[PDB]
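This is input-v8.pdb (PDB, C-alpha atoms).
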```pdb
MODEL        1
ATOM      1  CA  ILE A   1      10.855   2.336  13.460
ATOM      2  CA  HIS A   2       8.852  -0.664  14.674
ATOM      3  CA  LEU A   3       5.738   0.878  13.141
ATOM      4  CA  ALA A   4       7.727   1.438   9.942
ATOM      5  CA  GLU A   5       8.763  -2.209   9.686
ATOM      6  CA  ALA A   6       5.245  -3.374  10.584
ATOM      7  CA  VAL A   7       3.727  -1.164   7.888
ATOM      8  CA  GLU A   8       6.325  -2.450   5.424
ATOM      9  CA  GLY A   9       5.085  -5.942   6.228
ATOM     10  CA  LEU A  10       1.508  -4.750   5.757
ATOM     11  CA  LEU A  11       2.389  -3.217   2.380
ATOM     12  CA  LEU A  12       3.943  -6.524   1.325
ATOM     13  CA  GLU A  13       0.754  -8.220   2.574
ATOM     14  CA  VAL A  14      -0.854  -7.365  -0.782
ATOM     15  CA  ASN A  15       0.992 -10.383  -2.189
ATOM     16  CA  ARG A  16      -0.482 -12.546   0.573
ATOM     17  CA  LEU A  17      -3.935 -11.134  -0.189
ATOM     18  CA  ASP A  18      -3.529 -12.021  -3.868
ATOM     19  CA  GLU A  19      -2.306 -15.496  -2.911
ATOM     20  CA  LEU A  20      -5.384 -15.863  -0.694
ATOM     21  CA  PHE A  21      -7.547 -15.818  -3.818
ATOM     22  CA  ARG A  22      -6.036 -18.993  -5.318
ATOM     23  CA  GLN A  23      -6.474 -21.702  -2.671
ATOM     24  CA  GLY A  24      -9.506 -23.930  -2.532
ATOM     25  CA  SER A  25     -11.679 -22.175   0.042
ATOM     26  CA  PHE A  26     -12.217 -18.672  -1.341
ATOM     27  CA  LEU A  27     -12.535 -19.715  -4.969
ATOM     28  CA  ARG A  28     -14.825 -22.635  -4.133
ATOM     29  CA  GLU A  29     -17.081 -20.086  -2.454
ATOM     30  CA  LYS A  30     -16.704 -18.019  -5.631
ATOM     31  CA  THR A  31     -17.692 -21.021  -7.762
ATOM     32  CA  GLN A  32     -20.756 -21.587  -5.584
ATOM     33  CA  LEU A  33     -21.743 -17.926  -5.966
ATOM     34  CA  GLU A  34     -21.266 -17.856  -9.736
ATOM     35  CA  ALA A  35     -22.945 -21.252 -10.158
ATOM     36  CA  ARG A  36     -26.053 -20.069  -8.322
ATOM     37  CA  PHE A  37     -26.103 -16.810 -10.281
ATOM     38  CA  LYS A  38     -25.730 -18.567 -13.626
ATOM     39  CA  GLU A  39     -28.273 -21.296 -12.843
ATOM     40  CA  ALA A  40     -30.672 -18.442 -12.080
ATOM     41  CA  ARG A  41     -29.769 -16.851 -15.430
ATOM     42  CA  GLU A  42     -30.408 -20.026 -17.435
ATOM     43  CA  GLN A  43     -33.538 -20.585 -15.326
ATOM     44  CA  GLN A  44     -34.953 -17.272 -16.543
ATOM     45  CA  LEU A  45     -33.723 -17.944 -20.086
ATOM     46  CA  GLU A  46     -35.378 -21.367 -20.202
ATOM     47  CA  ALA A  47     -38.597 -20.012 -18.695
ATOM     48  CA  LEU A  48     -38.737 -17.495 -21.536
ATOM     49  CA  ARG A  49     -37.852 -20.234 -24.035
TER      50      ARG A  49
ATOM     51  CA  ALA B   1     -21.048  -9.571  -5.351
ATOM     52  CA  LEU B   2     -17.659 -11.163  -5.980
ATOM     53  CA  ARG B   3     -16.135  -7.815  -5.000
ATOM     54  CA  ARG B   4     -18.159  -8.078  -1.777
ATOM     55  CA  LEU B   5     -16.846 -11.615  -1.262
ATOM     56  CA  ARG B   6     -13.214 -10.704  -1.922
ATOM     57  CA  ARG B   7     -13.346  -7.704   0.402
ATOM     58  CA  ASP B   8     -15.049  -9.602   3.220
ATOM     59  CA  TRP B   9     -12.558 -12.486   3.064
ATOM     60  CA  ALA B  10      -9.787  -9.882   2.926
ATOM     61  CA  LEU B  11     -11.096  -8.172   6.062
ATOM     62  CA  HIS B  12     -11.482 -11.521   7.829
ATOM     63  CA  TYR B  13      -7.898 -12.480   6.984
ATOM     64  CA  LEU B  14      -6.487  -9.059   7.870
ATOM     65  CA  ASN B  15      -8.257  -8.942  11.241
ATOM     66  CA  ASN B  16      -5.860 -11.508  12.711
ATOM     67  CA  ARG B  17      -2.934  -9.783  10.974
ATOM     68  CA  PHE B  18      -3.831  -6.344  12.355
ATOM     69  CA  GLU B  19      -4.797  -7.340  15.902
ATOM     70  CA  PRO B  20      -1.136  -7.893  16.963
ATOM     71  CA  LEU B  21      -0.301  -4.460  15.547
ATOM     72  CA  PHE B  22      -3.365  -3.029  17.278
ATOM     73  CA  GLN B  23      -1.925  -4.390  20.525
ATOM     74  CA  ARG B  24       1.593  -3.158  19.738
ATOM     75  CA  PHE B  25       0.502   0.289  18.486
ATOM     76  CA  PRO B  26      -2.728   1.386  20.204
ATOM     77  CA  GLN B  27      -1.882   5.010  19.387
ATOM     78  CA  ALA B  28      -1.840   4.155  15.669
ATOM     79  CA  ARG B  29      -5.341   2.653  15.844
ATOM     80  CA  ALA B  30      -6.912   5.033  13.319
ATOM     81  CA  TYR B  31      -3.983   4.825  10.899
ATOM     82  CA  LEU B  32      -3.869   1.029  11.053
ATOM     83  CA  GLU B  33      -7.632   0.818  10.553
ATOM     84  CA  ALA B  34      -7.349   3.097   7.517
ATOM     85  CA  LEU B  35      -4.546   0.938   6.126
ATOM     86  CA  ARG B  36      -6.626  -2.200   6.701
ATOM     87  CA  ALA B  37      -9.516  -0.567   4.849
ATOM     88  CA  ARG B  38      -7.169   0.335   1.984
ATOM     89  CA  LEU B  39      -5.867  -3.243   1.790
ATOM     90  CA  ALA B  40      -9.443  -4.539   1.758
ATOM     91  CA  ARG B  41     -10.257  -2.072  -1.022
ATOM     92  CA  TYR B  42      -7.240  -3.276  -3.008
ATOM     93  CA  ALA B  43      -8.418  -6.863  -2.598
ATOM     94  CA  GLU B  44     -11.874  -5.624  -3.665
ATOM     95  CA  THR B  45     -11.413  -3.177  -6.551
ATOM     96  CA  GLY B  46      -7.962  -4.371  -7.623
ATOM     97  CA  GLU B  47      -6.490  -0.870  -7.588
ATOM     98  CA  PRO B  48      -2.737  -1.254  -6.917
ATOM     99  CA  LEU B  49      -1.534   0.105  -3.588
ATOM    100  CA  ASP B  50       0.993   2.947  -3.677
ATOM    101  CA  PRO B  51       3.758   2.311  -1.104
ATOM    102  CA  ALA B  52       4.779   5.980  -1.119
ATOM    103  CA  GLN B  53       1.288   7.223  -0.221
ATOM    104  CA  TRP B  54       0.818   4.791   2.689
ATOM    105  CA  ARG B  55       4.263   4.652   4.281
ATOM    106  CA  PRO B  56       4.384   6.779   7.451
ATOM    107  CA  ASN B  57       6.738   9.727   7.179
ATOM    108  CA  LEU B  58       9.164   9.215  10.059
ATOM    109  CA  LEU B  59      10.138  12.873  10.275
ATOM    110  CA  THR B  60      13.175  12.398  12.519
ATOM    111  CA  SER B  61      14.827   9.438  14.191
ATOM    112  CA  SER B  62      13.787   8.660  17.753
ATOM    113  CA  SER B  63      15.683  10.794  20.260
ATOM    114  CA  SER B  64      16.787   9.265  23.557
ATOM    115  CA  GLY B  65      16.486  12.655  25.266
ATOM    116  CA  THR B  66      20.183  12.706  26.214
ATOM    117  CA  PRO B  67      21.308  14.924  24.658
ATOM    118  CA  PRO B  68      17.984  16.662  23.996
ATOM    119  CA  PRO B  69      17.026  17.399  20.388
ATOM    120  CA  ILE B  70      18.909  20.640  19.736
ATOM    121  CA  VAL B  71      18.366  22.445  16.441
ATOM    122  CA  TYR B  72      19.792  25.873  15.573
ATOM    123  CA  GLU B  73      18.449  27.525  12.406
ATOM    124  CA  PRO B  74      20.514  30.582  11.341
ATOM    125  CA  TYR B  75      18.294  30.697   8.190
ATOM    126  CA  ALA B  76      14.873  31.070   9.819
ATOM    127  CA  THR B  77      12.677  30.845   6.741
ATOM    128  CA  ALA B  78       9.198  29.345   6.734
ATOM    129  CA  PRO B  79      10.232  26.257   4.683
ATOM    130  CA  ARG B  80      13.137  25.613   7.060
ATOM    131  CA  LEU B  81      11.343  26.322  10.339
ATOM    132  CA  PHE B  82       7.955  24.749   9.679
ATOM    133  CA  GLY B  83       8.964  22.182   7.071
ATOM    134  CA  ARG B  84       7.882  22.065   3.452
ATOM    135  CA  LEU B  85       5.772  19.800   1.252
ATOM    136  CA  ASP B  86       7.535  18.405  -1.805
ATOM    137  CA  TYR B  87       5.735  17.775  -5.085
ATOM    138  CA  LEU B  88       5.978  15.698  -8.253
ATOM    139  CA  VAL B  89       5.100  16.318 -11.901
ATOM    140  CA  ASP B  90       2.854  14.168 -14.101
ATOM    141  CA  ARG B  91       3.112  15.848 -17.522
ATOM    142  CA  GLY B  92       2.358  19.099 -15.678
ATOM    143  CA  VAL B  93       0.195  17.641 -12.903
ATOM    144  CA  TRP B  94       1.266  18.358  -9.325
ATOM    145  CA  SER B  95       1.184  15.251  -7.128
ATOM    146  CA  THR B  96       2.227  14.808  -3.511
ATOM    147  CA  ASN B  97       1.963  12.246  -0.729
TER     148      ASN B  97
ATOM    149  CA  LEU C   1     -24.381  11.484 -12.142
ATOM    150  CA  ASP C   2     -21.469  12.934 -10.170
ATOM    151  CA  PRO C   3     -22.070  12.465  -6.417
ATOM    152  CA  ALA C   4     -19.532  15.172  -5.563
ATOM    153  CA  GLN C   5     -21.274  17.836  -7.666
ATOM    154  CA  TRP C   6     -24.748  17.117  -6.248
ATOM    155  CA  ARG C   7     -24.081  16.424  -2.576
ATOM    156  CA  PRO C   8     -24.966  19.440  -0.407
ATOM    157  CA  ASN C   9     -21.963  20.970   1.313
ATOM    158  CA  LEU C  10     -22.871  20.835   5.001
ATOM    159  CA  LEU C  11     -20.543  23.663   5.980
ATOM    160  CA  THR C  12     -20.696  23.089   9.741
ATOM    161  CA  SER C  13     -22.518  20.673  12.006
ATOM    162  CA  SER C  14     -25.836  21.813  13.442
ATOM    163  CA  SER C  15     -25.352  23.949  16.545
ATOM    164  CA  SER C  16     -27.769  23.582  19.452
ATOM    165  CA  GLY C  17     -27.249  27.237  20.396
ATOM    166  CA  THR C  18     -25.900  26.347  23.856
ATOM    167  CA  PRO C  19     -23.088  27.184  23.795
ATOM    168  CA  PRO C  20     -23.456  29.584  20.860
ATOM    169  CA  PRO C  21     -21.182  29.071  17.852
ATOM    170  CA  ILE C  22     -18.020  30.875  18.959
ATOM    171  CA  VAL C  23     -15.168  31.259  16.484
ATOM    172  CA  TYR C  24     -11.994  33.270  17.126
ATOM    173  CA  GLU C  25      -9.720  33.873  14.120
ATOM    174  CA  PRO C  26      -6.288  35.289  15.093
ATOM    175  CA  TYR C  27      -5.289  34.919  11.389
ATOM    176  CA  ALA C  28      -7.966  37.102   9.788
ATOM    177  CA  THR C  29      -7.206  36.455   6.136
ATOM    178  CA  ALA C  30      -9.823  36.421   3.396
ATOM    179  CA  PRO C  31      -9.587  32.617   2.853
ATOM    180  CA  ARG C  32     -10.027  32.070   6.598
ATOM    181  CA  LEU C  33     -12.716  34.692   7.211
ATOM    182  CA  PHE C  34     -14.991  34.221   4.197
ATOM    183  CA  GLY C  35     -13.962  30.668   3.333
ATOM    184  CA  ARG C  36     -12.265  29.485   0.169
ATOM    185  CA  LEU C  37     -13.158  27.435  -2.901
ATOM    186  CA  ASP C  38     -10.959  24.399  -3.495
ATOM    187  CA  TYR C  39     -10.122  23.189  -6.993
ATOM    188  CA  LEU C  40      -9.092  20.044  -8.843
ATOM    189  CA  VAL C  41      -6.716  19.698 -11.793
ATOM    190  CA  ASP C  42      -7.487  17.649 -14.915
ATOM    191  CA  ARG C  43      -4.226  17.600 -16.909
ATOM    192  CA  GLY C  44      -4.077  21.363 -16.327
ATOM    193  CA  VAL C  45      -7.832  21.996 -16.305
ATOM    194  CA  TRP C  46      -9.234  23.504 -13.107
ATOM    195  CA  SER C  47     -12.449  21.854 -11.915
ATOM    196  CA  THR C  48     -14.531  22.564  -8.826
ATOM    197  CA  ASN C  49     -17.888  21.613  -7.344
TER     198      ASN C  49
ATOM    199  CA  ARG D   1      -6.331 -37.494 -13.200
ATOM    200  CA  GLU D   2      -8.643 -36.141 -10.491
ATOM    201  CA  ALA D   3     -11.145 -34.944 -13.106
ATOM    202  CA  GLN D   4     -10.974 -38.266 -14.959
ATOM    203  CA  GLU D   5     -11.584 -40.067 -11.661
ATOM    204  CA  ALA D   6     -14.642 -37.826 -11.366
ATOM    205  CA  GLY D   7     -15.220 -38.368 -15.095
ATOM    206  CA  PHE D   8     -13.878 -35.331 -16.961
ATOM    207  CA  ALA D   9     -11.229 -34.931 -19.667
ATOM    208  CA  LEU D  10      -9.074 -31.801 -19.846
ATOM    209  CA  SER D  11      -9.275 -30.032 -23.204
ATOM    210  CA  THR D  12      -6.604 -27.330 -23.120
ATOM    211  CA  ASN D  13      -7.436 -24.052 -24.862
ATOM    212  CA  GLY D  14      -4.462 -21.863 -23.928
ATOM    213  CA  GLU D  15      -5.713 -18.930 -21.866
ATOM    214  CA  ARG D  16      -8.148 -21.206 -20.018
ATOM    215  CA  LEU D  17      -8.739 -24.942 -19.720
ATOM    216  CA  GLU D  18     -12.140 -26.628 -19.755
ATOM    217  CA  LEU D  19     -13.411 -30.060 -18.747
ATOM    218  CA  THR D  20     -15.767 -32.290 -20.738
ATOM    219  CA  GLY D  21     -18.087 -34.809 -19.120
ATOM    220  CA  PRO D  22     -21.691 -35.859 -18.476
ATOM    221  CA  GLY D  23     -23.705 -32.986 -17.049
ATOM    222  CA  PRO D  24     -22.424 -29.762 -15.507
ATOM    223  CA  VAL D  25     -19.002 -29.738 -13.866
ATOM    224  CA  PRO D  26     -19.173 -29.988 -10.052
ATOM    225  CA  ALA D  27     -18.325 -27.083  -7.783
ATOM    226  CA  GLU D  28     -15.189 -28.518  -6.160
ATOM    227  CA  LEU D  29     -13.795 -29.727  -9.498
ATOM    228  CA  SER D  30     -14.465 -26.430 -11.280
ATOM    229  CA  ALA D  31     -12.852 -24.703  -8.293
ATOM    230  CA  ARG D  32      -9.799 -26.918  -8.759
ATOM    231  CA  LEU D  33      -9.847 -25.809 -12.399
ATOM    232  CA  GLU D  34      -9.588 -22.105 -11.727
ATOM    233  CA  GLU D  35      -7.125 -22.616  -8.877
ATOM    234  CA  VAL D  36      -4.766 -24.503 -11.176
ATOM    235  CA  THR D  37      -5.251 -21.769 -13.793
ATOM    236  CA  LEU D  38      -4.336 -19.037 -11.306
ATOM    237  CA  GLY D  39      -1.523 -21.233 -10.006
ATOM    238  CA  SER D  40      -0.072 -21.471 -13.505
ATOM    239  CA  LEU D  41      -0.349 -17.694 -13.918
ATOM    240  CA  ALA D  42       1.319 -17.081 -10.551
ATOM    241  CA  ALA D  43       3.961 -19.677 -11.424
ATOM    242  CA  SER D  44       4.764 -17.781 -14.620
ATOM    243  CA  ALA D  45       4.961 -14.452 -12.774
ATOM    244  CA  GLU D  46       7.082 -15.907  -9.975
ATOM    245  CA  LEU D  47       9.298 -17.565 -12.590
ATOM    246  CA  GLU D  48       9.808 -14.100 -14.052
ATOM    247  CA  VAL D  49      10.744 -12.646 -10.667
TER     248      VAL D  49
ATOM    249  CA  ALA E   1      -0.477  23.326  -5.905
ATOM    250  CA  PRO E   2      -4.049  22.303  -6.826
ATOM    251  CA  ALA E   3      -5.196  21.263  -3.353
ATOM    252  CA  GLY E   4      -2.279  19.620  -1.545
ATOM    253  CA  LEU E   5      -2.827  17.238   1.332
ATOM    254  CA  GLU E   6      -5.169  17.666   4.291
ATOM    255  CA  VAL E   7      -2.147  17.659   6.575
ATOM    256  CA  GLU E   8      -2.778  17.915  10.297
ATOM    257  CA  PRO E   9      -0.790  20.766  11.889
ATOM    258  CA  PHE E  10       2.334  19.511  13.608
ATOM    259  CA  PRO E  11       2.352  20.025  17.392
ATOM    260  CA  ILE E  12       4.996  22.306  18.863
ATOM    261  CA  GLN E  13       6.573  20.487  21.813
ATOM    262  CA  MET E  14       9.854  22.432  21.772
ATOM    263  CA  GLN E  15      11.319  25.392  23.659
ATOM    264  CA  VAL E  16      12.288  28.313  21.439
ATOM    265  CA  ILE E  17      15.451  30.111  22.571
ATOM    266  CA  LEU E  18      15.923  33.237  20.416
ATOM    267  CA  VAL E  19      19.545  34.522  20.484
ATOM    268  CA  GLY E  20      20.528  38.030  19.347
ATOM    269  CA  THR E  21      22.064  41.414  20.141
ATOM    270  CA  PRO E  22      19.869  43.698  22.280
ATOM    271  CA  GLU E  23      19.197  46.008  19.328
ATOM    272  CA  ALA E  24      17.535  43.119  17.480
ATOM    273  CA  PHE E  25      15.322  42.528  20.541
ATOM    274  CA  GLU E  26      14.250  46.038  21.515
ATOM    275  CA  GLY E  27      13.547  46.125  17.797
ATOM    276  CA  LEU E  28      11.469  42.972  18.324
ATOM    277  CA  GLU E  29       9.945  43.171  21.823
ATOM    278  CA  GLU E  30       7.846  46.252  21.036
ATOM    279  CA  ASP E  31       5.140  43.762  20.073
ATOM    280  CA  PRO E  32       3.389  42.607  23.278
ATOM    281  CA  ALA E  33       2.949  39.073  21.925
ATOM    282  CA  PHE E  34       6.727  38.670  22.120
ATOM    283  CA  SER E  35       6.912  39.454  25.832
ATOM    284  CA  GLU E  36       3.816  37.229  26.277
ATOM    285  CA  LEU E  37       5.616  34.233  24.641
ATOM    286  CA  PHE E  38       9.308  34.872  25.428
ATOM    287  CA  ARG E  39       9.271  35.799  29.109
ATOM    288  CA  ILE E  40      12.624  34.514  30.390
ATOM    289  CA  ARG E  41      15.470  36.869  29.482
ATOM    290  CA  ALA E  42      18.962  35.362  29.615
ATOM    291  CA  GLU E  43      21.164  38.439  29.354
ATOM    292  CA  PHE E  44      24.913  38.229  28.798
ATOM    293  CA  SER E  45      27.156  40.662  30.629
ATOM    294  CA  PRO E  46      29.572  42.201  28.086
ATOM    295  CA  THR E  47      32.417  41.926  30.623
ATOM    296  CA  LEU E  48      33.480  39.387  33.230
ATOM    297  CA  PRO E  49      35.222  40.298  36.504
TER     298      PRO E  49
ENDMDL
END
```
Whole structure, structure tokens version:
Amino acid sequence: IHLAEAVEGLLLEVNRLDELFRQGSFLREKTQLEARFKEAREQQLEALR
Amino acid sequence: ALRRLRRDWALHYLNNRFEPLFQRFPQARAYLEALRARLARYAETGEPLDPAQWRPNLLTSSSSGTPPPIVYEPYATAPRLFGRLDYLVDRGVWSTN
Amino acid sequence: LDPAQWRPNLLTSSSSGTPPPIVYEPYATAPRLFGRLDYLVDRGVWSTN
Amino acid sequence: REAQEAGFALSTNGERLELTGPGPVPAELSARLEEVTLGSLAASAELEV
Amino acid sequence: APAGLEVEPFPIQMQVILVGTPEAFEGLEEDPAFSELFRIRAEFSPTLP
């Protein structure tokens, strides 16, 4: 029964996981990643231009 | 790459959530690790988690041993002795968990 | 490309020959002696690989 | 107000909001942008629940 | 069922106590695996002193 309640908490942890993707840290890392990837994309595009 | 990032942050966050349960349930180590991997996958691929497919089937309530678990089956059929596996229909598709 | 349809089915792990591969089947049914072929359903369509 | 302190004006577009200013938007400020977007979406969903 | 679940066999940690008239048992103990598994015979005297 203790394992059952713990796994119920873990199943509800999907909401916490989704909430973890909206505070500053994770999505600022995401912005850094996408910014580098884009700046590479426009770098190639401008080189071809 | 953002899937990589989401899944690695998810694993990092779930490590400190699963370590107390690892301590509390060392026997359930493999099951808890599989559930952690499934949660990381959900945070990665976005596929919704099915509570029915990942909730442990507590077959019977815990017995204190006094009195001992006593079961008499007058109808000794295979489904009643060994248990049976229920199913569900999806327009004619057999699903089970 | 379907990975399931083109991944070799390693039936059993490699045996060193010591001890020899020993298998006792009390339940000598055709699916357990000769092996069986599993299937998958696609809305009522049987698929296998 | 934070973006205007950093020198950006919020032009709302419905599904997503953008920020106008000199040069590319900075990483922390763009991160604030998507976090407030996701916060509004989560606020709507949690209002529904 | 198409394939079912890869369910691990449930361990048997119980003690089977088969109850029945002698006819049902001399009609059942002719198989040596019975006397191999059920070795303790609790026999009921039809009469008490």
| message | Between atom CA of residue B:21 and atom CA of residue B:40, what is the distance in Å, rounded to a tenth? | response |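 One can read the atom CA of residue B:21 to atom CA of residue B:40 distance as 16.5 Å.
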| message | For the provided coordinates, the residues matched by the PyMOL selection byres ((chain D and resi 29-43) around 9) should be stated as a PyMOL selection string. | response | (chain A and resi 19+21-25+27-32) or (chain D and resi 2-3+6+15-19+25-28+44-48)
| said: Since I can't run it myself right now, could you work out what the PyMOL selection byres ((chain E and resi 18-30) around 12) selects here and report it as a ChimeraX atom specification? | reply: /B:71-74,76 /E:15-17,31-46
| request: Grab the atom CA of residue B:84 to atom CA of residue B:96 distance for me, in Å with one decimal place. | output: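 Spanning atom CA of residue B:84 to atom CA of residue B:96 is a straight-line distance of 11.5 Å.
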| For atom CA of residue B:44 and atom CA of residue B:4, the interatomic separation in Å (one decimal) | 7.0 Å
| message | Please identify all residues of chain A having at least one atom at most 9 Å from any atom of chain B, considering all atoms listed in the file, and return them as a ChimeraX atom specification. | response | /A:1,3-4,6-8,10-11,13-14,17-18,20-21,26,29-30,33-34
| message | Expand the PyMOL selection byres ((chain B) within 10 of (chain C)) into the explicit residue set it covers here, and present it as a ChimeraX atom specification. | response | /B:90-94
| request: Identify every residue of chain C that has at least one atom within 8 Å of any atom of chain E, counting only C-alpha atoms, and report the result as a PyMOL selection string. | output: chain C and resi 38-41
For stretch 29-41 of chain B, I'd like the enclosing box, axis-aligned and padded by 4 Å on every side, reported as JSON with centre and edge lengths in Å to one decimal.
```
{"center_x": -7.1, "center_y": 0.2, "center_z": 7.4, "size_x": 14.4, "size_y": 17.6, "size_z": 24.9}
```
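Across D:24, D:1, D:14, D:7, the tightest approach to chain A is made by D:24 when counting all atoms listed in the file.
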| query | Nearest to chain D: which of A:49, A:36, A:2, A:41 is it, counting all atoms listed in the file? | reply |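 Of A:49, A:36, A:2, A:41, the one nearest chain D is A:36, counting all atoms listed in the file.
Excluding residue B:85 itself and any same-chain residue fewer than 2 positions from it, the protein and nucleic acid residues within 9 Å of it, counting all atoms listed in the file, are residues 79, 83, 87, 96 and 97 of chain B; 4 and 5 of chain E.
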